[PDB]
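For reference, the chain that follows is the form deposited in one PDB entry, supplied as structure tokens.
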């Protein structure tokens, strides 16, 4: 009942029935499996997936759609693994004592190579939908204290200490999915959330008056329109906004596209990873704040 948290991936490259996937061998278990490992202190599942892919296969990669969760018993209690689709961005495997072989296989043959039922289940998920996706990241701003007694939402109220720390932690989280462009509702706490990422990308953050809670409540259709407008642009946008805005936009998009989120929440510092194939939503993955389970 203690949970050892881990992440990994179906790492792929071009040759759905075209694509090749990576399967690894480990001497210590003499198993064939998917690359993965334990979260380090301070790490989120996406950040650990990318790191473990790199350490185990030599490859950098961009994460896309989440492919569900697997659990199994270990002496410390229960092993929990979240898996992502990850597109290789290059690298070269070198055999070692931890992982001594890596084979790239079409899905077909990878299904037969993978010895664990739960890995085959993940690979079944992977082929269920397109994997060459682009990504919209919708982020609820970090912790910023408590609303004041006044009407409206306190335009200038800043992130608190914990929130500033969530902002910093979100850089590696959002980079894992290849974020390229930045957008924030017209509130200071929304900008401050994505400022560390802005510095890292050396990028400017677009301001979004249409996506504040006041504007969403006065004209929800214009917010929706704007979201699609941004999603349509080239690149992988981060859009940081507020708690009364996100659930409505995410539900609206999921319903119209018949996409079922596997997890749901709306915490401050959380991220929805919205995977698109040819402008259609194919996944909506809720990621917890970086400082929460």
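Positions refer to the first chain, counted from 1. Rigid core: the largest C-alpha set superposing within 1.5 Å between the two forms.
This next part talks about the form deposited in another entry, which is not shown.
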In a superposition on the rigid core, which residue from 168, 153, 118, 186 has a CA displacement reaching 2 Å or more between this form and the one not shown?
153
Any chance the CA of residue 77 moves 2 angstroms or more between this form and the one not shown, core superposed?
yes
Please say whether the CA atoms of residue 220 and residue 151 come closer or move farther apart in the other entry, knowing the change relative to this form is 3 Å or more.
farther
Have a look at residue 150 and residue 167: in the other entry, are their Cα atoms closer together or farther apart than in this form, given the change is 3 Å or more?
closer
